[PDB]
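K.L.:
Residue numbers (the authors' numbering), protein chains in the order written: chain C, 2 to 232; chain D, 2 to 232; chain A, 1 to 324; chain B, 1 to 324.
#1: Along chain D, which residues have their Cβ under 7 Å away from the Cβ of residue 167/C?
#2: Is the shortest distance between the beta-carbon of residue 30/B and the beta-carbons of chain D less than 8 Å?
#3: If you check the beta carbons only, do residue 185/C and residue 155/C fall under 8 Å apart?
#4: List the residues of chain A that residue 86/C touches, going by C-beta distances under 8 Å, in chain order.
#5: Would you say the region 186-199 of chain D touches the region 57-72 of chain D, given that touching needs at least three Cβ pairs under 8 Å?
#6: DSSP three-state label for residue 109/C, please.
#7: Should residue 77/D be labelled buried (16 or more other beta-carbon atoms within 10 Å of its own) or exposed?
#8: If we ignore side chains and look at the alpha-carbon of each, how far apart do residue 5/C and residue 56/C end up?
#9: Opposite residue 196/A in the DSSP bridges: which residues?
#10: Quick check: what's the CA-CA separation for residue 50/D versus residue 44/D?
#11: Are the C-beta of residue 225/B and some C-beta of chain D separated by less than 8 Å?
#12: If I measure Cβ to Cβ from residue 126/A and keep anything under 6 Å in the same chain, skipping five residues before and after, which residues do I get?
#13: Could you give the residue range of the beta strand (DSSP E) that holds residue 30/D?
#14: Locate the beta strand (DSSP E) running through residue 21/C, then write down its first and last residues.
#15: When the Cα of residue 29/B is compared with those of 307/B, 322/B and 288/B, which residue comes out closest?
#16: Closer than 6 Å by C-beta to residue 211/D: which residues in its own chain qualify, once you throw out the five before and the five after it? Chain order, please.
#17: Restricting to Cα atoms, I'd like to know which of 64/A, 313/A and 35/A is closest to residue 19/A.
#18: So with Cβ pairs under 8 Å, would you call residue 104/A a contact of chain B?
#19: So, at 7 Å on beta carbons, what are the nonlocal neighbours of residue 176/D in its own chain, with the 5 sequence-adjacent residues on each side left out?
#20: Which residues in the same chain as residue 164/A place their Cβ atom closer than 8 Å to its Cβ, once the five residues preceding and following it in sequence are excluded?
#21: Can you tell me the Cα-Cα spacing of residue 250/B and residue 66/B, whole angstroms?
#22: Hey, could you find the ends of the beta strand (DSSP E) residue 10/C is sitting in?
#23: Please return the same chain residues whose Cβ sits closer than 7 Å to the Cβ of residue 110/C, not counting the five positions on each side in sequence.
#24: Sort 154/B, 188/B, 204/B and 294/B by Cα distance to residue 79/B and report the nearest one.
#25: Helix, strand or coil for residue 210/C? Go by DSSP, reduced to three states.
#26: By the DSSP assignment, the alpha helix (DSSP H) with residue 76/D in it spans what residues?
#27: Output the distance between the C-alpha atoms of residue 47/A and residue 178/A, rounded to the nearest integer angstrom.
#28: Mind checking the region 145-171 of chain B against chain A and listing, in chain order, the residues whose C-beta falls within less than 7 Å of any C-beta there?
#29: Express the C-alpha separation of residue 147/C and residue 1/C in angstroms, rounding to a whole number.
#30: Does the Cβ of residue 37/A have 16 or more other Cβ atoms within 10 Å, making it buried, or fewer, making it exposed?
#31: Compare the C-beta of residue 118/C with all C-beta atoms of chain D and state if any pair is closer than 8 Å.
#32: Between residue 222/B and chain D, is the shortest Cβ-Cβ distance under 8 Å, so that the two count as touching?
#33: For the region 105-172 of chain B, list the beta strand (DSSP E) runs that are entirely contained and at least 3 residues long, ordered along the chain.
#34: For chain C, check one thing: does any of its Cβ atoms lie closer than 8 Å to the Cβ of residue 193/D?
#35: Go through its chain and collect everything with a Cβ distance to residue 2/D's Cβ below 8 Å, but skip five positions before and after it.
#36: Using a Cβ-Cβ cut-off of 8 Å, state whether residue 40/C counts as contacting chain A.
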């Protein structure tokens with residue numbers, strides 16, 4: 002069940018010593034204030050950054066994984082990325098698919114996130130909320146268990162950025178549908194009610210250290226929240 | 002009581018014909034999906050854009066107002082603005098003050114938004130959440146009834162951007178304290194529970210037209226929300 | 001295969017066709033003009049065998065290769081730096097190969113065979129290209145890179161002017177023609193350079209996968225399993241190679257590596273599997289024309305390719321700015 | 001007054017002092033070295049009246065003014081285009097004056113007085129600065145502006161080169177000294193231009209408020225009650241003025257409008273109430289040295305001021321890129 006394991010992870014003061022478990026078929030939310038390490042953590046779990054600590058992904062440790070294979074077992078979404086100039090949304094998405102074949106699936110995901118009419122339009126020409134959905138879409142197509150058997154982990158850093166209540170709900174359905182298929186979804190929570198309502202487990206970093214973990218309902222308690230935010 | 006009046010405002014299809022009232026000492030939230038006109042509307046009420054419709058600000062119509070005076074009666078905060086390269090936070094804020102004298106007040110606001118240790122640091126060298134607070138701060142100092150008697154309206158387009166639950170709560174206190182002093186605060190709501198919990202009145206645009214208005218508790222009803230978002 | 005895709009591919013194949021034609025047409029025209037005319041028929045005439053074969057042909061083939069190269073280079077650099085403004089000339093990679101050449105010549109000997117020099121040019125380019133990329137990693141910015149590049153360009157101009165004056169073995173002409181590019185003294189005795197271009201040109205034109213990825217952007221590129229560092233350095237080398245040789249062959253030509261790439265993107269060629277090949281063709285033809293005009297323009301002397309390329313370049317660039 | 005504020009102001013006054021000194025220290029040095037050295041005392045000798053008063057002084061005065069101008073200009077442009085890379089030389093406002101200047105010299109050779117020329121240059125600048133600003137409003141981008149500028153620069157260089165060859169009243173030297181700037185032929189008979197620089201120089205150097213605002217950025221600048229259009233257009237003029245005249249005075253000098261401003265920000269001169277004066281002072285001195293060096297380094301021929309400023313420029317710019 003446990004797909005990823007974090008053993009005393011921490012790089013400089015931003016991210017203090019932290020350890021935990023990433024259980025498949027579950028949605029984990031990194032909860033905490035600004036500076037609390039959330040992004041840095043995610044970057045590690047992804048494999049974008051190296052350093053002090055030990056992370057093992059589905060048996061072998063990240064460090065042991067080859068880029069190529071890693072990309073088949075997990076997808077990463079940075080907090081923000083500059084859209085590639087002159088590149089049609091449909092190409093953007095395709096490039097993310099490990100099986101260009103499954104063309105119809107692309108249309109489905111693009112649809113789900115209101116992008117069927119946006120395909121064919123150059124990424125550098127989308128609005129804020131648009132680009133985001135385009136990115137999410139691209140990442141999902143990459144790791145959907147439907148098209149990719151090796152898909153196991155989906156790391157998302159601040160996904161709801163630019164989305165409206167609706168576009169949010171939209172992605173909620175996708176993510177759920179994803180963990181229901183056995184995917185491991187780890188994302189940095191933005192709204193507490195949200196995390197309470199949709200997350201499964203939930204680490205609560207602060208200053209860079211983990212004040213708590215476990216079921217979101219237990220972890221998101223006034224004592225902790227106060228210990229974390231100060232109110 | 003009514004400070005601003007909108008009479009059949011609308012520029013192209015983004016913003017359809019819309020009319021309403023901005024009552025002083027109150028917090029109005031522009032609620033709606035992406036594309037629903039919110040930003041365009043705010044830009045008008047501010048005076049940044051001109052067009053079809055009629056907006057009168059405290060008697061005289063905007064169009065009649067002189068830039069100079071307008072800046073004393075209202076402050077505007079665009080959705081996003083590129084931080085001025087090589088400019089210390091403290092200078093940034095000062096420049097916004099109509100009375101450079103009230104130096105202590107600056108320190109207070111900067112403090113309230115956790116920026117007392119950030120002053121003196123160049124704006125082009127702040128983080129996301131940092132710059133935002135720096136901007137909000139700057140705008141507040143500009144229209145606080147404490148230092149400015151002519152302050153009447155504070156227009157904010159997506160303020161909570163980049164702020165964490167805490168920094169949010171932080172600004173909530175400031176805004177409240179502001180309308181309590183008789184200020185008219187109009188901002189584009191991001192979270193429905195928030196708008197329900199903190200807003201007074203609330204227009205609910207959609208497609209560009211106003212589906213509703215009035216007390217946030219009446220305006221934010223499932224029938225309307227569904228009519229607006231589609232869920 | 002997706003709908004829009006297959007459709008785009010169709011229009012792509014069309015252009016690669018149209019461009020493929022335009023080049024031959026240009027190849028022909030070039031082989032036929034030079035202050036006198038020599039139609040295909042009068043080619044095996046005691047004149048044709050001289051001009052057409054011993055003078056024109058070589059020169060034309062040089063242009064084609066340098067063009068397609070400078071063009072592709074522009075595409076390649078742009079991808080690497082994630083910036084459309086990336087190009088050999090602007091970033092001073094050409095002046096890099098410039099310095100590397102003059103240095104090889106002076107600190108060397110008039111006996112340095114071309115191949116020897118070309119290698120020194122490639123070095124000149126590589127240095128700059130490497131330094132630019134270093135500045136590209138520590139501070140990824142479109143302005144930074146565009147700034148640095150320009151700067152290194154200037155710095156390289158100094159070293160060049162300051163070294164030629166010192167030796168005095170200077171010729172106000174040779175200098176200007178090199179600084180402003182020109183295929184005036186291109187003979188078969190430089191056919192080793194020309195060949196040298198063919199390998200890379202072909203190889204790189206097939207490496208589209210790495211760039212569509214690369215184009216997505218570092219992280220995306222990486223998280224997608226791309227061997228970034230490899231491809232980055234690899235392309236850095238490929239660039240240095242092409243550019244360096246290009247400078248050695250015809251000096252500092254500029255404004256085909258920026259324009260050509262983009263114009264083709266405008267036409268719809270975006271997927272590198274097409275943009276690279278397209279670039280070569282459009283880059284060849286483009287420079288051929290410039291060259292032809294460069295020589296036939298005035299009878300007194302042969303206008304520096306650069307002057308032409310930059311004269312037509314700036315205009316087509318301004319427009320491209322408003323259009324995009 | 002805020003603490004951090006009072007302190008900064010102090011250190012600022014400190015620099016405005018040191019800089020105020022260095023300039024004089026440079027004004028002196030300029031008047032003493034030309035070809036042969038001299039001494040403040042050995043000045044009041046029959047020789048001094050010649051050199052020191054009828055040759056040197058005039059020149060050293062033009063340098064100051066042109067220097068303090070180009071420096072301020074860049075400052076101003078950067079404010080307007082909300083971009084640090086904004087500068088006369090790069091964006092081509094200098095070549096703008098070039099075109100306009102030559103236009104006169106050709107339509108009325110020797111008939112049109114220097115002052116008559118100055119106006120023609122000021123026009124050349126204004127145009128470009130306007131065309132640039134237009135492109136700045138319709139598509140605010142640091143890349144766009146920095147692109148268009150480079151382009152227009154080229155276009156203007158073409159118009160110039162092409163118009164000189166045609167008339168044949170060309171002198172490979174005159175052309176190069178202009179394109180690469182130089183104070184070689186500055187006599188008291190151009191003092192009308194020199195004076196024409198003082199008014200604006202003093203004025204614009206006092207309009208700090210408008211620019212601090214302007215610096216916040218369009219919207220902010222506006223919502224705060226700033227007459228944006230006015231000041232935008234006003235500075236555009238003040239720019240073309242200084243720029244054009246400087247060109248009519250010493251051709252196209254480049255790379256002081258970019259560096260000097262930023263360096264002073266590094267020292268902590270940010271409030272335009274200081275950055276302007278600071279620019280004037282650091283601009284003047286900076287160019288004096290550049291001139292002095294251009295004056296001695298090669299006894300056979302005086303170096304084009306441009307080359308100097310550029311040689312030292314590119315480097316100090318690269319460094320600035322790593323520091324900032």
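Even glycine gets a Cβ: it sits at the ideal position worked out from N, Cα and C.
P.N.:
Taking the structure as given:
#1: Neighbourhood of residue 167/C in chain D, by CB distance below 7 Å: 34, 230, 231 and 232, in chain order.
#2: no
#3: yes
#4: 84
#5: no
#6: helix
#7: buried
#8: 7 Å
#9: Paired residues: none, contrary to the question.
#10: 6 Å
#11: yes
#12: 240
#13: Membership of residue 30/D in the beta strand (DSSP E) is indicated by the continuous run 28-30.
#14: Its beta strand (DSSP E) spans residues 19-24.
#15: 288/B
#16: These residues qualify, in order along the chain: 19 and 204.
#17: Minimum Cα distance to residue 19/A is reached at 64/A.
#18: No, residue 104/A does not count as interfacial toward chain B.
#19: 28 and 186
#20: 102, 170 and 175
#21: Approximately 8 Å, taken between the alpha carbons.
#22: 3-10
#23: 138, 141 and 142
#24: 204/B
#25: In the displayed model, residue 210/C falls within a strand according to three-state DSSP.
#26: Unbroken run through residue 76/D is the beta strand (DSSP E), 75-78; no alpha helix (DSSP H).
#27: 29 Å
#28: So the list reads 146, 147, 148, 151, 154, 155 and 158, given in the order they occur along the chain.
#29: Nothing about residue 1/C can be reported from this structure: the residues present for chain C run from 2 to 232 only.
#30: exposed
#31: no
#32: yes
#33: List check, beta strand (DSSP E) in window: nothing returned.
#34: yes
#35: Taken in chain order, the residues that qualify are 24, 25 and 26.
#36: no
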